[PDB]
Amino acid sequence: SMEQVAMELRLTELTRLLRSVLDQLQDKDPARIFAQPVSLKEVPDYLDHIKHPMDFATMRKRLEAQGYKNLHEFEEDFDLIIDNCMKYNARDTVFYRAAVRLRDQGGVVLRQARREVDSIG
Numbered sequence: 022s023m024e025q026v027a028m029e030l031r032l033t034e035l036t037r038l039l040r041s042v043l044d045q046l047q048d049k050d051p052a053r054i055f056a057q058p059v060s061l062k063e064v065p066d067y068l069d070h071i072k073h074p075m076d077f078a079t080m081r082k083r084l085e086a087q088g089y090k091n092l093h094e095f096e097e098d099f100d101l102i103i104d105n106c107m108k109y110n111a112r113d114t115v116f117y118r119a120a121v122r123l124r125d126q127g128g129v130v131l132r133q134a135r136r137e138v139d140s141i142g
């Protein structure tokens, strides 16, 4: 139907906007601490601690399959990246600190993304 096409165009345009959001958030991680999944070869106990691992590459895979239906879903996955790290790693670590800085800097980007998603519909 034409309605199904229109909906698909909206999803494609959301995907476009989320791709730009993803790029901007990932620039706030110049160390690339969050770029890839935590390695279970290198942290074999990880899944005992963290039940829903997340990372920027995994988000990018979902994004390119048009797998985020709305900004809330995308924000859920970004918050997982941050929150997983702040639980597994202690406060005094470069990992925890990187997550705090990513959260703080990402807030700015996400605040305007929400306005754009509501604004453009």
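Here the entry's author numbering is used: the first residue of the sequence shown is 22, the next is one more, and so on.
Beta carbons are placed, not taken as given, at the ideal position from N, Cα and C, and that holds for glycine.
Asked	Found
Anticipated Cβ contact below 8 Å, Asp-76 with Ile-102, distance rounded	6 Å
CA-to-CA distance, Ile-54 to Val-26, given in whole angstroms	38 Å
Own chain residues within Cβ distance below 7 Å of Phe-116, not counting five before or after	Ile-54, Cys-106 and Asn-110
Local Cβ density within 10 Å of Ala-119, reported as buried at 16 or more and exposed below that	buried
Nearest neighbour of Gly-127, chosen from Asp-113, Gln-87 and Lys-49 [CA to CA]	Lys-49
Integer Cβ distance of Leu-32 from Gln-87, believed to fall under 8 Å	5 Å
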